[PDB]
Amino acid sequence: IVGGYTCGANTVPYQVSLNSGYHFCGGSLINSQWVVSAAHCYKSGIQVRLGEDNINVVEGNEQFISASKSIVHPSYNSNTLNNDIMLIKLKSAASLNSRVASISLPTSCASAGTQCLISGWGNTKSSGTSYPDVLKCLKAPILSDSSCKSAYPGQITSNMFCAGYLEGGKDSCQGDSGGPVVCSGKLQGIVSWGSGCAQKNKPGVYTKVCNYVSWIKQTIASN
Ligand SMILES: [Ca+2]
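Residues numbered from 1 in each chain as written, not as in the entry; some residues may be left out. Heavy atoms only, no water.

- Per the deposited record, X-ray crystallography is how this structure was determined, to a resolution of 1.30 Å.

### Description of the side chain of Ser37
At step 1: When you line up the elements, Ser37 lands in strand 4 (residues 34–37).
At step 2: Within the structure, the side chain of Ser37 is placed 2.8 Å from the backbone oxygen of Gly26, a separation counted as a polar contact.
At step 3: Apart from residues no more than four positions distant in its own chain, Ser37 is found in contact with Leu18, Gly26, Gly27, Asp84, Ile85, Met86, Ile88, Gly178 and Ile190. (Helix = DSSP H or I, 4+ residues; strand = E, 2+ residues; numbered from the N terminus. Polar contact = N/O pair within 3.5 Å; in protein donor to acceptor, adjacent residues only side chain to side chain. Contact = heavy atoms within 4.5 Å.)

### Overview of the nonpolar core
At step 1: Counting 43 residues, the largest nonpolar core has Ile30, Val48, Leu50 and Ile216 as the members making the most contacts within it.
At step 2: Of all the elements in the fold, those that place two or more residues in this core are strand 2 (15–19), strand 3 (23–31), strand 4, strand 5 (47–50), strand 6 (63–72), strand 7 (86–90), strand 12 (186–193) and helix 2 (213–221).
At step 3: For this core, the two domains that each supply at least three residues are domain 1 (1–12 + 103–210) and domain 2 (13–102 + 211–222).
At step 4: Apart from residues lying up to four places away in sequence, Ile216 is in contact with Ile30, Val36, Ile85, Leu87 and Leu105.
At step 5: Listed in part, the 13 residues of the second largest apolar core include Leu138, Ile142, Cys183 and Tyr206. (Core = buried A, V, L, I, M, F, W, Y, C linked by side-chain atoms within 4.5 Å. Buried < 20%, exposed > 50% of the residue type's maximum accessible area, 1.4 Å probe, protein only. Domains from an automatic or database assignment.)

### Some remarks on the coordination of the calcium ion
At step 1: In the first shell of the calcium ion, the protein supplies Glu52 (OE), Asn54 (O), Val57 (O) and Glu62 (OE), at 2.3 Å from the metal.
At step 2: Linear spacing of the donor residues for the calcium ion on their chain is E-x1-N-x2-V-x4-E.
At step 3: For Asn54, a relative accessible area of 14% puts it in the buried group.
At step 4: By relative accessible area, which is 42% here, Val57 ends up partly exposed. (Donors = N, O, S within 2.8 Å, 3.2 Å for Na, K, Ca; no water.)

### A word on the state of the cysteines
Here a disulfide denotes one covalent bond, and it connects the sulfur atoms of two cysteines.
At step 1: What the rule picks out here adds up to six disulfides.
At step 2: Between the sulfur of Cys109 and that of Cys210 lies a disulfide, 2.0 Å long from S to S. Its S-S torsion of about 95° marks the bond between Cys109 and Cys210 as right-handed, since a negative value means left-handed. Pair noted here: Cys109 is in the loop between strand 7 and strand 8 (115–120) and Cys210 is in the loop between strand 13 (204–208) and helix 2, with a separation of 101 residues, a long-range link.
At step 3: In the protein chain, the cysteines engaged in disulfides, taken in order along the sequence, are linked 1-6, 2-3, 4-12, 5-10, 7-8, 9-11. (Disulfide = S-S within 2.5 Å.)

### A few points about the side chain of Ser17
At step 1: Tracing the backbone shows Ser17 in strand 2.
At step 2: Polar side-chain contacts of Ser17 include one of 2.7 Å to the side chain of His23.

As structure tokens, this is what we get:
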């Protein structure tokens, strides 16, 4: 997260870190057994780390649970990033309390102008590289479809939305991939892609979670 703030420990209780020997992506806990992330975050051998603040220090609220299964969206296209969503099942149920909690799925899509909270452990620099140990947060609005398409001609599908600031300086970034965009207590987006980070006229692009609620529910019900 570039141009954000330190969230505070366990203030974003649905945020997970996906670990394969190291943090590589975010995700969102949606029930005791299941995490939503980006399909571009797919790999084998994932350990889900819940209750994290400093990802390099054991601080006392962590739950580390290996994944039993990953399900990439049936129509994910890794070239275009259309349908950039994946579900991960935990081998055992997380213990839920106020520091580790699921986030609700949307019942309606969010509109441009809605304020959201984007979070993660990704790069905090727009030029060059610095990875935080503690969770970072950014408040940002959803942008209009027309501004999003104008920013990224030929690239924005109906399964994507832009959020952030056209002036630059405030965005998600590498290492935030897969993490949440939460608006009014609902998971509306997944950190998906963008051109660089925090660049002028190049806002973040996010998977439009509301389009996937049916798929998520049916997949959970049968897996
Ligand atoms: Ca920790």
